[PDB]
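The deposited numbering puts the sequence shown at residues 426 to 506, 79 to 90, 97 to 102, 517 to 560.
All C-beta atoms in this analysis are idealised placements derived from N, C-alpha and C, irrespective of residue type, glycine included.
Data block below; observations after.
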Amino acid sequence: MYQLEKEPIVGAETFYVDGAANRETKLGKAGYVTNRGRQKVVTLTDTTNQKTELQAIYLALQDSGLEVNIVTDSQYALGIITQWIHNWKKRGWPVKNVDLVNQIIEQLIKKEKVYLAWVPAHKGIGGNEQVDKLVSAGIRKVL
Ligand SMILES: O=C(O)c1nc(Cc2ccc(Cl)c(Cl)c2)nc(O)c1O
Ligand SMILES: [Mn+2]
Ligand SMILES: [Mn+2]
Numbered sequence: 426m427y428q429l430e431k432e433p434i435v436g437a438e439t440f441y442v443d444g445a446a447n448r449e450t451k452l453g454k455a456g457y458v459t460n461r462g463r464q465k466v467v468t469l470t471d472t473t474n475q476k477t478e479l480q481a482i483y484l485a486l487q488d489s490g491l492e493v494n495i496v497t498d499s500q501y502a503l504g505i506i079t080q081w082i083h084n085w086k087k088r089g090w097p098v099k100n101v102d517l518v519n520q521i522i523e524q525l526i527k528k529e530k531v532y533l534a535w536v537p538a539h540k541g542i543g544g545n546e547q548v549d550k551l552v553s554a555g556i557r558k559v560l
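Below, the structure written as structure tokens:
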């Protein structure tokens, strides 16, 4: 893949990703739930909300087939990734989380097709609410 899909890929698994991190303990979780009934969560040490969001996208790319829809609510993650795929297109190959954004880009290009979309957090979107509950458990006191 060298460019993202403009629209959802019909017949491809859709991953709803999210991450949460505790400001005090710096413990966090990254994870996904999919429309095919799969879930995964991993716990991360010494992490940040932004890092968990990138890690969740990495997990979705690792565990998905060659065509995949990924729905994030992270403005940062979508922004920093998008900035890469556009750069690539016009300038060719970030300061924070550089190793991780690179791992993600290297995953993306090996896919056949990827649709990556943003939705607003805590607005009742079903898959998104489910994964948020998963990664926030034991991490985020209250909303
Ligand atoms: O990725 C995020 O940026 C993200 N941002 C928030 C903050 C937020 C957003 C909307 C509402 Cl309505 C509230 Cl109360 C808090 N929470 C999350 O769980 C989350 O994943
Ligand atoms: Mn989020
Ligand atoms: Mn969340």
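Within the present structure, is the beta-carbon of residue i separated from the nearest heavy atom of ligand 2 by less than 7 Å?
i, result
"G436", "no"
"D102", "no"
"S499", "yes"
"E546", "no"
"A538", "yes"
"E478", "yes"
Ligand 3 and residue i: does the residue's C-beta get closer than 7 Å to at least one heavy atom of that ligand?
i, result
"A481", "no"
"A445", "yes"
In the DSSP assignment, the alpha helix (DSSP H) including residue i goes from what residue to what residue?
i, result
"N519", "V101 to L525"
For ligand 1, I want to know if residue i counts as a neighbour, meaning its beta carbon is within less than 7 Å of at least one of the ligand's heavy atoms.
i, result
"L560", "yes"
"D488", "no"
Could you tell me the boundaries of the beta strand (DSSP E) in which residue i lies?
i, result
"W535", "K530 to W535"
"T497", "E492 to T497"
Comparing C-alpha positions only, which one of the options sits nearest to residue i?
i, options, result
"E438", "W535, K99 and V458", "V458"
"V496", "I522, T470, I482 and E449", "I482"
"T473", "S499, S489 and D488", "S499"
"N460", "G544, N519 and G555", "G544"
"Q475", "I434, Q547 and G444", "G444"
"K558", "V435, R448, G436 and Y427", "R448"
Which whole-angstrom value describes the C-beta separation of residue i and residue j, a residue pair presumed to lie in contact below a C-beta threshold of 8 Å?
i, j, result
"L491", "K528", "6 Å"
"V518", "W81", "7 Å"
"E432", "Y532", "7 Å"
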